[PDB]
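K.L.:
Chains H and B, in that order, give the protein sequences. Heads up, UniProt numbering is the position in the first sequence plus 99, with the first residue counted as 1. Heads up, UniProt numbering is the position in the second sequence plus 297, with the first residue counted as 1. Note that beta-carbon positions come from the ideal geometry of N, C-alpha and C, so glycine has one too. Below is the structure I would like to discuss, written out as structure tokens.
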Amino acid sequence: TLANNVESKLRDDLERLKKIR
Amino acid sequence: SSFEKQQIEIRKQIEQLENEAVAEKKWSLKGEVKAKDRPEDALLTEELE
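Quick look at the structure:
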């Protein structure tokens with residue numbers, strides 16, 4: 100459960116950083 | 298009347314803005330912020346200089 104939430108936060112980080120570039 | 302409709306729209310917006318003014322500020326507007334106060338990795342999304 101916690102690992103999946105961390106994964107989701109990582110995905111949000113990744114997509115925002117993609118939007119920056 | 299159309300003026301009355303404008304008045305309902307405005308009053309809705311005044312209620313929203315009053316609630317926002319009363320509401321506690323977001324972490325970014327608190328001045329000093331430590332990692333505990335703000336959401337974890339909150340700075341990752343946001344653009345800071």
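#1: To the nearest angstrom, report how far apart B:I311 and B:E321 are at their CA atoms.
#2: For a test of your reading of the model: does the CB of B:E346 fall under 7 Å from any non-hydrogen atom of the ligand FAD? Yes or no.
#3: Could you spell out where the alpha helix (DSSP H) holding B:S299 opens and where it closes?
#4: Along the chain, where does the alpha helix (DSSP H) containing B:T342 start, and where does it finish?
P.N.:
Per the coordinate set shown:
#1: Within the second sequence, residue 311 of chain B is the residue found at index 14, counting from 1. Within the second sequence, residue 321 of chain B is the residue found at index 24, counting from 1. In this structure, the CA atom of B:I311 is about 17 Å from the CA atom of B:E321.
#2: With respect to the ligand FAD, the structure offers nothing, as it holds no ligand at all.
#3: The count along the second sequence starts at 1 and reaches residue 299 of chain B at position 2. First-last of the alpha helix (DSSP H) with B:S299: 299 to 319.
#4: Translated into positions along the second sequence, residue 342 of chain B becomes position 45. Counting along the chain, the alpha helix (DSSP H) containing B:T342 begins and ends at 339 to 342.
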